[PDB]
>>> print(open('structure-v6.csv').read())   # CSV, C-alpha atoms and all ligand atoms
chain,number,residue,atom,x,y,z
A,1,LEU,CA,94.0,-12.8,-15.4
A,2,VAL,CA,91.0,-12.4,-17.7
A,3,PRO,CA,91.3,-13.8,-21.3
A,4,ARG,CA,90.0,-11.1,-23.7
A,5,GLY,CA,87.4,-13.4,-25.2
A,6,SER,CA,85.7,-13.9,-21.8
A,7,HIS,CA,83.2,-11.8,-20.0
A,8,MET,CA,84.1,-11.5,-16.3
A,9,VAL,CA,81.2,-9.8,-14.4
A,10,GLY,CA,82.1,-8.5,-10.9
A,11,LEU,CA,79.9,-6.8,-8.3
A,12,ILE,CA,81.3,-4.1,-6.0
A,13,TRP,CA,79.4,-2.6,-3.0
A,14,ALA,CA,79.7,-1.2,0.5
A,15,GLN,CA,77.2,-2.4,3.1
A,16,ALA,CA,76.3,-1.9,6.7
A,17,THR,CA,76.6,-5.1,8.8
A,18,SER,CA,72.8,-5.3,8.5
A,19,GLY,CA,73.0,-5.5,4.7
A,20,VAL,CA,71.7,-2.0,4.1
A,21,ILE,CA,73.4,-0.4,1.1
A,22,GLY,CA,71.0,2.5,0.3
A,23,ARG,CA,68.4,4.7,1.8
A,24,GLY,CA,66.6,7.9,0.9
A,25,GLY,CA,68.2,8.0,-2.5
A,26,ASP,CA,71.7,7.9,-1.0
A,27,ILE,CA,74.3,5.8,0.9
A,28,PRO,CA,73.7,6.3,4.6
A,29,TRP,CA,77.4,6.8,5.7
A,30,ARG,CA,80.5,8.6,4.5
A,31,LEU,CA,83.7,6.7,4.0
A,32,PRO,CA,86.5,8.2,2.0
A,33,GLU,CA,88.5,5.0,2.6
A,34,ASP,CA,85.8,3.1,0.7
A,35,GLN,CA,85.7,5.7,-2.0
A,36,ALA,CA,89.4,5.2,-2.6
A,37,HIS,CA,89.0,1.4,-2.7
A,38,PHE,CA,86.1,1.7,-5.1
A,39,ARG,CA,88.2,3.8,-7.5
A,40,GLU,CA,91.2,1.5,-7.3
A,41,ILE,CA,89.1,-1.5,-8.4
A,42,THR,CA,86.9,0.2,-11.0
A,43,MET,CA,89.2,2.9,-12.6
A,44,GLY,CA,89.6,2.5,-16.4
A,45,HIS,CA,86.8,-0.1,-16.5
A,46,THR,CA,83.3,-0.3,-17.9
A,47,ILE,CA,80.9,0.2,-15.0
A,48,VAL,CA,77.2,-0.6,-15.0
A,49,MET,CA,74.6,1.0,-12.8
A,50,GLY,CA,70.9,1.2,-12.3
A,51,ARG,CA,69.2,4.5,-13.2
A,52,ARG,CA,68.5,5.3,-9.6
A,53,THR,CA,72.2,4.9,-8.8
A,54,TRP,CA,72.9,7.4,-11.5
A,55,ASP,CA,70.5,9.7,-9.8
A,56,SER,CA,72.2,9.1,-6.5
A,57,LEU,CA,75.7,10.1,-7.7
A,58,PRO,CA,77.0,13.4,-6.2
A,59,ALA,CA,76.8,16.0,-9.0
A,60,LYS,CA,80.7,16.4,-8.8
A,61,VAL,CA,81.2,12.8,-10.0
A,62,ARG,CA,78.3,12.3,-12.4
A,63,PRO,CA,79.4,10.6,-14.6
A,64,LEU,CA,82.1,8.8,-12.5
A,65,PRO,CA,85.3,10.1,-14.1
A,66,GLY,CA,87.9,7.8,-15.8
A,67,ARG,CA,85.3,5.0,-16.4
A,68,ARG,CA,82.9,4.1,-19.1
A,69,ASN,CA,79.6,4.8,-17.4
A,70,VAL,CA,76.7,2.5,-18.4
A,71,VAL,CA,73.2,3.2,-17.1
A,72,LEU,CA,70.4,0.7,-17.1
A,73,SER,CA,67.0,2.2,-17.7
A,74,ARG,CA,63.7,1.4,-19.5
A,75,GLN,CA,63.2,5.1,-20.2
A,76,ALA,CA,64.2,5.7,-23.8
A,77,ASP,CA,64.3,9.5,-23.2
A,78,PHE,CA,66.5,9.4,-20.1
A,79,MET,CA,69.2,12.0,-20.0
A,80,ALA,CA,72.5,10.7,-18.7
A,81,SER,CA,75.1,13.2,-20.0
A,82,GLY,CA,78.5,11.7,-20.2
A,83,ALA,CA,77.2,8.2,-19.9
A,84,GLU,CA,75.4,5.7,-22.2
A,85,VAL,CA,71.9,4.3,-21.4
A,86,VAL,CA,71.1,0.7,-22.3
A,87,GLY,CA,67.6,-0.9,-22.0
A,88,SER,CA,68.7,-4.4,-21.1
A,89,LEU,CA,71.3,-6.3,-19.0
A,90,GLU,CA,72.5,-8.0,-22.1
A,91,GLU,CA,73.7,-4.9,-23.9
A,92,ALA,CA,75.2,-3.8,-20.6
A,93,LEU,CA,77.6,-6.7,-20.2
A,94,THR,CA,79.6,-6.8,-23.5
A,95,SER,CA,83.0,-5.8,-22.1
A,96,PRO,CA,85.6,-8.4,-21.3
A,97,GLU,CA,85.5,-7.1,-17.7
A,98,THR,CA,82.5,-5.3,-16.2
A,99,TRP,CA,82.0,-3.9,-12.7
A,100,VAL,CA,78.4,-3.6,-11.6
A,101,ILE,CA,78.3,-0.7,-9.1
A,102,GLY,CA,74.7,-0.7,-7.9
A,103,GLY,CA,72.1,-0.5,-6.8
A,104,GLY,CA,70.0,-3.1,-5.0
A,105,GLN,CA,67.9,-4.0,-8.1
A,106,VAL,CA,70.8,-4.3,-10.5
A,107,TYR,CA,73.0,-6.3,-8.0
A,108,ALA,CA,70.2,-8.7,-7.5
A,109,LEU,CA,69.8,-9.2,-11.3
A,110,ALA,CA,73.5,-9.4,-12.2
A,111,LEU,CA,74.6,-11.7,-9.4
A,112,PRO,CA,73.9,-15.0,-11.2
A,113,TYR,CA,76.4,-14.0,-13.9
A,114,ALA,CA,79.0,-12.7,-11.5
A,115,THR,CA,82.3,-14.5,-10.5
A,116,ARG,CA,83.8,-11.7,-8.3
A,117,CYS,CA,82.3,-9.6,-5.5
A,118,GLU,CA,84.4,-6.9,-3.8
A,119,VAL,CA,82.6,-5.9,-0.6
A,120,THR,CA,83.3,-3.2,2.0
A,121,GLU,CA,81.5,-3.9,5.3
A,122,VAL,CA,81.0,-0.8,7.4
A,123,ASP,CA,80.7,-1.5,11.1
A,124,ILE,CA,77.4,0.4,11.6
A,125,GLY,CA,74.3,-1.3,12.9
A,126,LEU,CA,71.7,0.2,10.7
A,127,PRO,CA,68.5,-1.7,11.0
A,128,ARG,CA,66.7,-2.6,7.8
A,129,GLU,CA,63.8,-0.4,7.1
A,130,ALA,CA,60.9,-0.3,4.5
A,131,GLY,CA,62.3,1.0,1.2
A,132,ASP,CA,66.0,0.4,1.9
A,133,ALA,CA,68.2,-0.9,-0.9
A,134,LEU,CA,69.9,-4.1,0.4
A,135,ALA,CA,73.1,-6.0,-0.5
A,136,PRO,CA,72.6,-9.2,-2.6
A,137,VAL,CA,72.8,-12.5,-0.8
A,138,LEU,CA,75.7,-14.8,-1.6
A,139,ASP,CA,75.1,-18.5,-1.6
A,140,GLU,CA,77.5,-21.3,-0.7
A,141,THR,CA,79.1,-21.3,-4.1
A,142,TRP,CA,81.0,-18.2,-3.2
A,143,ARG,CA,84.4,-18.1,-1.4
A,144,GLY,CA,87.1,-15.7,-0.5
A,145,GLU,CA,89.0,-13.8,2.1
A,146,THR,CA,87.8,-11.5,4.9
A,147,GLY,CA,90.2,-8.7,5.8
A,148,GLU,CA,90.8,-7.3,9.3
A,149,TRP,CA,88.8,-4.4,10.8
A,150,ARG,CA,90.4,-1.0,10.3
A,151,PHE,CA,89.4,2.4,11.7
A,152,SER,CA,88.7,5.2,9.2
A,153,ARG,CA,89.9,8.7,10.0
A,154,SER,CA,86.6,9.4,11.8
A,155,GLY,CA,86.7,6.2,14.0
A,156,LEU,CA,84.1,4.3,11.8
A,157,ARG,CA,85.3,0.7,11.4
A,158,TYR,CA,85.3,-1.1,8.1
A,159,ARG,CA,86.8,-4.3,6.5
A,160,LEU,CA,87.1,-5.7,3.0
A,161,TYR,CA,85.9,-9.0,1.6
A,162,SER,CA,87.1,-10.4,-1.8
A,163,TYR,CA,84.8,-13.1,-3.0
A,164,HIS,CA,84.8,-15.2,-6.1
A,165,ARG,CA,83.3,-18.3,-7.6
A,166,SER,CA,83.8,-20.5,-10.7
B,1,LIG,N1,76.3,1.2,-0.8
B,1,LIG,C1,76.6,0.9,-2.1
B,1,LIG,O1,77.5,0.3,-2.4
B,1,LIG,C2,75.7,1.5,-3.2
B,1,LIG,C3,76.1,1.5,-4.5
B,1,LIG,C4,75.2,2.0,-5.4
B,1,LIG,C5,74.0,2.5,-5.0
B,1,LIG,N2,73.6,2.5,-3.7
B,1,LIG,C6,72.3,3.0,-3.3
B,1,LIG,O2,71.3,2.1,-3.8
B,1,LIG,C7,70.1,2.8,-4.1
B,1,LIG,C8,69.6,2.6,-5.5
B,1,LIG,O3,69.3,1.2,-5.7
B,1,LIG,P1,68.0,0.7,-6.2
B,1,LIG,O4,67.9,-0.6,-6.1
B,1,LIG,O5,66.9,1.5,-5.7
B,1,LIG,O6,68.0,1.2,-7.8
B,1,LIG,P2,69.1,0.8,-8.9
B,1,LIG,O7,69.3,-0.6,-8.9
B,1,LIG,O8,70.1,1.7,-8.9
B,1,LIG,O9,68.3,1.3,-10.2
B,1,LIG,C9,67.0,0.8,-10.5
B,1,LIG,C10,66.6,1.1,-11.9
B,1,LIG,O10,67.4,0.6,-12.9
B,1,LIG,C11,66.6,0.3,-14.0
B,1,LIG,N3,66.6,-1.1,-14.3
B,1,LIG,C12,66.6,-2.1,-13.4
B,1,LIG,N4,66.7,-3.3,-13.9
B,1,LIG,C13,66.7,-3.1,-15.3
B,1,LIG,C14,66.7,-3.9,-16.5
B,1,LIG,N5,66.7,-5.3,-16.4
B,1,LIG,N6,66.7,-3.3,-17.7
B,1,LIG,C15,66.6,-2.0,-17.7
B,1,LIG,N7,66.6,-1.2,-16.7
B,1,LIG,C16,66.6,-1.7,-15.5
B,1,LIG,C17,65.2,0.9,-13.8
B,1,LIG,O11,65.3,2.2,-14.2
B,1,LIG,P3,64.1,3.0,-14.8
B,1,LIG,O12,63.2,3.2,-13.7
B,1,LIG,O13,64.7,4.3,-15.2
B,1,LIG,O14,63.6,2.2,-15.9
B,1,LIG,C18,65.1,0.8,-12.3
B,1,LIG,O15,64.2,1.7,-11.8
B,1,LIG,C19,70.4,4.3,-3.7
B,1,LIG,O16,70.1,4.6,-2.4
B,1,LIG,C20,72.0,4.4,-3.8
B,1,LIG,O17,72.5,5.4,-3.1
B,1,LIG,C21,74.5,2.0,-2.8
B,2,LIG,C1,81.9,4.9,-2.9
B,2,LIG,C2,80.5,4.1,-2.7
B,2,LIG,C3,80.7,2.7,-3.2
B,2,LIG,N1,81.5,1.9,-2.6
B,2,LIG,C4,81.7,0.6,-3.0
B,2,LIG,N2,82.7,-0.2,-2.3
B,2,LIG,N3,81.0,0.1,-4.1
B,2,LIG,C5,80.2,0.9,-4.7
B,2,LIG,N4,79.4,0.4,-5.8
B,2,LIG,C6,80.0,2.2,-4.3
B,2,LIG,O1,79.1,3.1,-5.0
B,2,LIG,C7,79.5,3.6,-6.2
B,2,LIG,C8,78.5,4.7,-6.6
B,2,LIG,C9,78.4,5.9,-5.7
B,2,LIG,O2,79.7,6.5,-5.7
B,2,LIG,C10,80.1,7.5,-4.8
B,2,LIG,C11,79.2,7.9,-3.9
B,2,LIG,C12,79.6,8.9,-3.0
B,2,LIG,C13,80.9,9.4,-3.1
B,2,LIG,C14,81.8,9.0,-4.0
B,2,LIG,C15,81.4,8.0,-4.9
B,2,LIG,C16,82.3,7.4,-6.0
B,2,LIG,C17,83.5,8.4,-6.3
B,2,LIG,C18,84.3,7.9,-7.5
B,2,LIG,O3,84.4,6.7,-7.8
B,2,LIG,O4,84.8,8.8,-8.3
>>> encode(input="structure-v6.csv", output="structure tokens", more="lines below")
Ligand SMILES: NC(=O)c1ccc[n+]([C@@H]2O[C@H](COP(=O)([O-])OP(=O)(O)OC[C@H]3O[C@@H](n4cnc5c(N)ncnc54)[C@H](OP(=O)(O)O)[C@@H]3O)[C@@H](O)[C@H]2O)c1
Ligand SMILES: CCc1nc(N)nc(N)c1OCCCOc1ccccc1CCC(=O)O
Amino acid sequence: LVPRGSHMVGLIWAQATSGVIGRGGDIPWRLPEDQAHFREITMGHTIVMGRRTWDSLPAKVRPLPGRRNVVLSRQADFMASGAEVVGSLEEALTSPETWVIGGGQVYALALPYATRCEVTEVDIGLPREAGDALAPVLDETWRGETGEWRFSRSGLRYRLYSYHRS
């Protein structure tokens, strides 16, 4: 689907229905169903994340296994064992296909370059609070399909969106 001379940038995230994606250095829900989805989309690929998202990764999956982990930071001395640290968005997006995997800051920055968004919406009414990381806002140029609600094993509802643009 992607010619090898191109540079497809895609964003992938999970959000509460309020747009909250992050809080207290973590994701404020647990959803193995979403974890599986995230892996299906990103496995084998270059993935790009902000330094705080690197910090947020559970120790057991830092770096995220089976993927080329790229961490954006302005700290030259940052230690991200098993990953590479780059100081600019430009050096981060050199692969023919890249998945930007968080967090709020990096989604916001990368969106203008992006032509795919893979979104999980969790049916949880978490009000927005000072300091929360939020999902980026998609304008009218985006289009795609909204999947049906499904219950997770725990009875938490979720659904998937698959957006793209030209
Ligand atoms: N629900 C989801 O899908 C999802 C996914 C991922 C993360 N999260 C959550 O989101 C939160 C983190 O998001 P966040 O917005 O706070 O932080 P972030 O985007 O992960 O990372 C921010 C950092 O990235 C670096 N950075 C940003 N722009 C840069 C640029 N142009 N060049 C170089 N470096 C740059 C800076 O690091 P330095 O400060 O080191 O310079 C900055 O502090 C956490 O709560 C996490 O759990 C949620
Ligand atoms: C699974 C959370 C998640 N879900 C979606 N749809 N997009 C993300 N960018 C995302 O965040 C990716 C970074 C945080 O990753 C995790 C956070 C908690 C548990 C497991 C994982 C990823 C597990 C893995 O991919 O090996």
>>> closest_residue(input="structure-v6.csv", among="A:115, A:162, A:94, A:146", to="residue A:5", atoms="all atoms listed in the file")
A:94
>>> residues_near_ligand(input="structure-v6.csv", ligand="ligand LIG 1 (chain B)", cutoff="7 Å", atoms="all atoms listed in the file", output="VMD selection string")
chain A and resid 12 to 15 21 to 27 49 to 54 56 72 to 75 86 to 89 101 to 107 133
>>> write_last_selection(input="structure-v6.csv", atoms="C-alpha atoms", output="short mmCIF file (atom, residue, chain, number, x, y, z; two decimals), keeping the file's coordinate frame")
data_model
loop_
_atom_site.label_atom_id
_atom_site.label_comp_id
_atom_site.auth_asym_id
_atom_site.auth_seq_id
_atom_site.Cartn_x
_atom_site.Cartn_y
_atom_site.Cartn_z
CA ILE A 12 81.30 -4.10 -6.00
CA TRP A 13 79.40 -2.60 -3.00
CA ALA A 14 79.70 -1.20 0.50
CA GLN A 15 77.20 -2.40 3.10
CA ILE A 21 73.40 -0.40 1.10
CA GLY A 22 71.00 2.50 0.30
CA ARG A 23 68.40 4.70 1.80
CA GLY A 24 66.60 7.90 0.90
CA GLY A 25 68.20 8.00 -2.50
CA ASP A 26 71.70 7.90 -1.00
CA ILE A 27 74.30 5.80 0.90
CA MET A 49 74.60 1.00 -12.80
CA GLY A 50 70.90 1.20 -12.30
CA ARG A 51 69.20 4.50 -13.20
CA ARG A 52 68.50 5.30 -9.60
CA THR A 53 72.20 4.90 -8.80
CA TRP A 54 72.90 7.40 -11.50
CA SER A 56 72.20 9.10 -6.50
CA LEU A 72 70.40 0.70 -17.10
CA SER A 73 67.00 2.20 -17.70
CA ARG A 74 63.70 1.40 -19.50
CA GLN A 75 63.20 5.10 -20.20
CA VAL A 86 71.10 0.70 -22.30
CA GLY A 87 67.60 -0.90 -22.00
CA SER A 88 68.70 -4.40 -21.10
CA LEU A 89 71.30 -6.30 -19.00
CA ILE A 101 78.30 -0.70 -9.10
CA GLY A 102 74.70 -0.70 -7.90
CA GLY A 103 72.10 -0.50 -6.80
CA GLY A 104 70.00 -3.10 -5.00
CA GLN A 105 67.90 -4.00 -8.10
CA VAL A 106 70.80 -4.30 -10.50
CA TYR A 107 73.00 -6.30 -8.00
CA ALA A 133 68.20 -0.90 -0.90
#
>>> residues_around(input="structure-v6.csv", residues="residue A:46", least_positions_apart="5", cutoff="7 Å", atoms="only C-alpha atoms", output="list in words")
residues 67, 68, 69, 95, 98 and 99 of chain A
>>> closest_residue(input="structure-v6.csv", among="A:140, A:91, A:132, A:123", to="residue A:158", atoms="only C-alpha atoms")
A:123
>>> closest_residue(input="structure-v6.csv", among="A:2, A:83, A:124, A:117", to="ligand LIG 2 (chain B)", atoms="only C-alpha atoms and all ligand atoms")
A:117
>>> closest_residue(input="structure-v6.csv", among="A:118, A:139, A:84, A:97", to="ligand LIG 2 (chain B)", atoms="all atoms listed in the file")
A:118
>>> atom_distance(input="structure-v6.csv", atom1="atom CA of residue A:44", atom2="atom CA of residue A:66")
5.6 Å
>>> atom_distance(input="structure-v6.csv", atom1="atom CA of residue A:128", atom2="atom CA of residue A:55")
21.8 Å
>>> atom_distance(input="structure-v6.csv", atom1="atom CA of residue A:80", atom2="atom CA of residue A:41")
23.0 Å
>>> build_atoms(input="structure-v6.csv", residues="stretch 10-36 of chain A", atoms="N, CA, C and O atoms", output="mmCIF file, in the frame of the given file")
data_model
loop_
_atom_site.group_PDB
_atom_site.id
_atom_site.type_symbol
_atom_site.label_atom_id
_atom_site.label_comp_id
_atom_site.auth_asym_id
_atom_site.auth_seq_id
_atom_site.Cartn_x
_atom_site.Cartn_y
_atom_site.Cartn_z
ATOM 1 N N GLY A 10 81.803 -8.624 -12.337
ATOM 2 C CA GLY A 10 82.100 -8.500 -10.900
ATOM 3 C C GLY A 10 81.133 -7.484 -10.294
ATOM 4 O O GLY A 10 80.645 -6.552 -10.976
ATOM 5 N N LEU A 11 80.802 -7.699 -9.020
ATOM 6 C CA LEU A 11 79.900 -6.800 -8.300
ATOM 7 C C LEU A 11 80.795 -6.088 -7.245
ATOM 8 O O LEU A 11 81.626 -6.731 -6.613
ATOM 9 N N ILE A 12 80.614 -4.780 -7.064
ATOM 10 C CA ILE A 12 81.300 -4.100 -6.000
ATOM 11 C C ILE A 12 80.342 -3.234 -5.208
ATOM 12 O O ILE A 12 79.574 -2.468 -5.799
ATOM 13 N N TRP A 13 80.329 -3.385 -3.873
ATOM 14 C CA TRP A 13 79.400 -2.600 -3.000
ATOM 15 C C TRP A 13 79.960 -2.422 -1.624
ATOM 16 O O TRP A 13 80.880 -3.136 -1.222
ATOM 17 N N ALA A 14 79.381 -1.451 -0.904
ATOM 18 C CA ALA A 14 79.700 -1.200 0.500
ATOM 19 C C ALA A 14 78.341 -1.417 1.267
ATOM 20 O O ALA A 14 77.268 -0.954 0.857
ATOM 21 N N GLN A 15 78.404 -2.168 2.350
ATOM 22 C CA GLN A 15 77.200 -2.400 3.100
ATOM 23 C C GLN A 15 77.416 -2.205 4.578
ATOM 24 O O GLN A 15 78.523 -2.391 5.078
ATOM 25 N N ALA A 16 76.354 -1.774 5.254
ATOM 26 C CA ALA A 16 76.300 -1.900 6.700
ATOM 27 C C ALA A 16 76.266 -3.383 7.075
ATOM 28 O O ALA A 16 75.937 -4.240 6.239
ATOM 29 N N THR A 17 76.562 -3.686 8.336
ATOM 30 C CA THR A 17 76.600 -5.100 8.800
ATOM 31 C C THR A 17 75.220 -5.678 8.711
ATOM 32 O O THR A 17 75.074 -6.906 8.637
ATOM 33 N N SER A 18 74.198 -4.833 8.666
ATOM 34 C CA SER A 18 72.800 -5.300 8.500
ATOM 35 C C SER A 18 72.466 -5.643 7.026
ATOM 36 O O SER A 18 71.361 -6.112 6.751
ATOM 37 N N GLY A 19 73.362 -5.368 6.076
ATOM 38 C CA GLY A 19 73.000 -5.500 4.700
ATOM 39 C C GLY A 19 72.440 -4.299 3.971
ATOM 40 O O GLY A 19 72.261 -4.307 2.748
ATOM 41 N N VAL A 20 72.190 -3.225 4.713
ATOM 42 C CA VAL A 20 71.700 -2.000 4.100
ATOM 43 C C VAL A 20 72.763 -1.373 3.228
ATOM 44 O O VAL A 20 73.895 -1.166 3.695
ATOM 45 N N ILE A 21 72.436 -1.082 1.972
ATOM 46 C CA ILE A 21 73.400 -0.400 1.100
ATOM 47 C C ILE A 21 72.868 1.027 0.685
ATOM 48 O O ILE A 21 73.643 1.867 0.215
ATOM 49 N N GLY A 22 71.576 1.288 0.860
ATOM 50 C CA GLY A 22 71.000 2.500 0.300
ATOM 51 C C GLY A 22 69.736 2.870 0.979
ATOM 52 O O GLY A 22 68.990 2.004 1.416
ATOM 53 N N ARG A 23 69.492 4.171 1.078
ATOM 54 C CA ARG A 23 68.400 4.700 1.800
ATOM 55 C C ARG A 23 68.148 6.156 1.455
ATOM 56 O O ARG A 23 69.102 6.919 1.342
ATOM 57 N N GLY A 24 66.896 6.534 1.209
ATOM 58 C CA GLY A 24 66.600 7.900 0.900
ATOM 59 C C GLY A 24 67.313 8.424 -0.352
ATOM 60 O O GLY A 24 67.682 9.599 -0.421
ATOM 61 N N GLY A 25 67.564 7.548 -1.313
ATOM 62 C CA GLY A 25 68.200 8.000 -2.500
ATOM 63 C C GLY A 25 69.744 8.185 -2.379
ATOM 64 O O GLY A 25 70.371 8.851 -3.205
ATOM 65 N N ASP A 26 70.335 7.601 -1.344
ATOM 66 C CA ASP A 26 71.700 7.900 -1.000
ATOM 67 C C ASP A 26 72.325 6.742 -0.224
ATOM 68 O O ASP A 26 71.652 5.755 0.028
ATOM 69 N N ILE A 27 73.606 6.850 0.114
ATOM 70 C CA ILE A 27 74.300 5.800 0.900
ATOM 71 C C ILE A 27 74.368 6.405 2.336
ATOM 72 O O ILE A 27 74.848 7.522 2.521
ATOM 73 N N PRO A 28 73.880 5.657 3.338
ATOM 74 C CA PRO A 28 73.700 6.300 4.600
ATOM 75 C C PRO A 28 74.975 6.287 5.536
ATOM 76 O O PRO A 28 74.880 6.034 6.743
ATOM 77 N N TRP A 29 76.130 6.571 4.953
ATOM 78 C CA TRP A 29 77.400 6.800 5.700
ATOM 79 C C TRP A 29 78.346 7.510 4.762
ATOM 80 O O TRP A 29 78.105 7.600 3.551
ATOM 81 N N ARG A 30 79.448 7.995 5.317
ATOM 82 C CA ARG A 30 80.500 8.600 4.500
ATOM 83 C C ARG A 30 81.813 7.998 4.872
ATOM 84 O O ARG A 30 82.187 7.938 6.047
ATOM 85 N N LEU A 31 82.514 7.494 3.863
ATOM 86 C CA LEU A 31 83.700 6.700 4.000
ATOM 87 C C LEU A 31 84.716 6.815 2.858
ATOM 88 O O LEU A 31 84.746 6.105 1.955
ATOM 89 N N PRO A 32 85.549 7.933 3.045
ATOM 90 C CA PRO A 32 86.500 8.200 2.000
ATOM 91 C C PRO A 32 87.443 7.041 1.710
ATOM 92 O O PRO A 32 87.871 6.854 0.566
ATOM 93 N N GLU A 33 87.757 6.262 2.743
ATOM 94 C CA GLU A 33 88.500 5.000 2.600
ATOM 95 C C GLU A 33 87.860 4.080 1.555
ATOM 96 O O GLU A 33 88.536 3.427 0.739
ATOM 97 N N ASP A 34 86.541 3.975 1.626
ATOM 98 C CA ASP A 34 85.800 3.100 0.700
ATOM 99 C C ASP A 34 85.781 3.720 -0.690
ATOM 100 O O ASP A 34 85.874 3.013 -1.709
ATOM 101 N N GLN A 35 85.675 5.043 -0.744
ATOM 102 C CA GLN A 35 85.700 5.700 -2.000
ATOM 103 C C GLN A 35 86.995 5.402 -2.769
ATOM 104 O O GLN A 35 86.999 5.078 -3.900
ATOM 105 N N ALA A 36 88.081 5.454 -2.022
ATOM 106 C CA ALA A 36 89.400 5.200 -2.600
ATOM 107 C C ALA A 36 89.484 3.764 -3.148
ATOM 108 O O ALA A 36 89.973 3.514 -4.258
#
